């Protein structure tokens, strides 16, 4: 058989795109989106109807142009998620405005607003994951949201300190960014080529996976952002993996069964005391790669958010 089919025996497959065409082709269980993917998806001609509906709906909610742009941009992200939910049996991840990444209160409010839009469309919370950046503020926001019945996807996770803090907060799921970790090492290190087993991103997710299973944490581990299928195969066994259409295609076209790589067969160990903000900050900042990438990821998503608002603005 092919790699994609074989991978499904050990890992839940998730598609990383806002394009419904991939949902039909690969039949993933869940789907993930982010500001950059939503921006690209808005370029898709067939998605024109989703944009028009969003704008129309927004103009019917208020007469304030400022609020209309916000309502239209949020509704568009929700409309795309709604189309995807028609093709997948699992969940859709929708990301909150990245500009609120360092504001716990504003992030909680925004998350509840998105949940509201999905609920107004008849979709219940169990089909959604609100995606936020894994800053200390984002984690604190998520801890609160989970208590109120809103499951979260903690993304842009790079350091072990972030992983630990997320598990202790009891979040539904985490998305460590494998490929971006590799990117950093290629650019800031002498070594430019890595064997799959030595890929920094792979090693990072593997250690996180072990730490989580070893202590009985229920937080789902979902590797994300890949550069090649080698990273994916090396993580076979990870709870879930969200993969871009291009890599999904390569897996489906390659023959040969694969073997499970990630497993924890021991018994559960006792959990340590919770890490504090001070310890979190010290440990996170001890990681040059994590320091750079977390801040950078947030900057890029914020820019894409602004570009989308610009686009919507010219339609009002």
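Numbering follows the first chain given and starts at 1.
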Task: 187 to 195 or 84 to 92, whichever carries the higher mean Cα B-factor - done: 187 to 195
- [ ] May I ask you to compare 286 to 294 and 260 to 268 by their mean CA B factor in the entry and name the higher one?
- [x] 260 to 268
Task: Residue of maximum C-alpha B factor among 278, 33, 43, 29, per deposited coordinates - done: 43
TODO: Quick one: classify residue 227 as lowest, middle or highest third of the chain based on its Cα B-factor.
DONE: highest
Open item on the list: Going by the CA temperature factor in the PDB record, which third of the chain does residue 239 belong to: lowest, middle or highest?
Closed with: lowest
Open item on the list: Where does the C-alpha B-factor of residue 71 rank in its chain, lowest, middle or highest third?
Closed with: highest
